[PDB]
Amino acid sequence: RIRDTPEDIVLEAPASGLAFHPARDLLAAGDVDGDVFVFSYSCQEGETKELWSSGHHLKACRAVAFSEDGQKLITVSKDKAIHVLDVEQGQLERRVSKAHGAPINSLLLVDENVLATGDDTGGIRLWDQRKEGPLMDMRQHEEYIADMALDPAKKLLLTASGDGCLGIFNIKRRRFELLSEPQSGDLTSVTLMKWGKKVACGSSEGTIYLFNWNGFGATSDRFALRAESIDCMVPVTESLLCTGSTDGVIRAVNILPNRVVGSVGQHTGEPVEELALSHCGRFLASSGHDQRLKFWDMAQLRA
């Protein structure tokens, strides 16, 4: 009998890296040991299987992303390397060792050639797969790069840091633009909302900060959740996003009107590490310190 969502995936180690394939029912995870798994998921009971694993990283895999063409999975690690794996069978195509001088925490694919990486000391690098060495090396942030987001127009890279600042970098000019005023909370998460008009940042105090597009110096608005922290966010619509917190609860949050819509689900009393949205829009995945990937029905929520 086929369910509304795929069954839970049980892991041997908790995963901070999580991403959905842009055209196939595949979910990638990277774990605290450094291993990388790709799972073929299905709403049919018992039909969700491990497709492949890759154990090439030497330390914790902090982030993973599928290329837009669906052929590659790019991964970054505490081992200070970037990996490029083939989606067919997880074969390592490329390892860039000592890509940063510190552990890498964040990864964003700009286009088929260009990507950004963020490290635990706040360093940003931009890469082109066609060119040896970084396009840009920018160290204005003072603390870890938690998360990054991309201008729809692909001109600006937005960074959320533990230093409490939103960072702005110009990809095309290869330069630093500005750091926001620092917030009291560490900025754990950054996502574009309202057709690219608003930047929403989650904080270590359980606050969502809003910035206006091209008003990046200071917040235009803010509101608190009834949660000690927000540690991950993913947009579901132009007005709805989902948050994960250290209390293990996944919340649906509306933006302007700023309102918590409800709890989507929980990893009972275990921190939520990361969220991702299926290429079809139907499923939210959450990765928890309970060592589970859980799938949530977004059709229910989108109404």
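All residue numbers refer to positions in the sequence shown, first residue = 1.
When the C-alpha B-factors of 210-218 and 141-149 are averaged, 210-218 comes out higher. In this entry, 82-90 has the higher mean Cα B-factor, the comparison being between 82-90 and 116-124. Taking the deposited Cα B-factors for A60, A28, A63, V253, the highest one is held by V253. The PDB entry gives the largest Cα B-factor of the residues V261, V38, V32, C242 to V261.
Among the modelled residues of the chain, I230 sits in the middle third by CA temperature factor in this PDB entry. Ranked by Cα temperature factor within the chain, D163 sits in the lowest third according to the deposited record. In this PDB entry, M193 carries a Cα temperature factor that places it within the highest third of its chain's modelled residues. Sorting the modelled residues of the chain by their CA temperature factor places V10 in the middle third. Looking at the C-alpha B-factors along this chain, the one for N170 belongs to the middle third.
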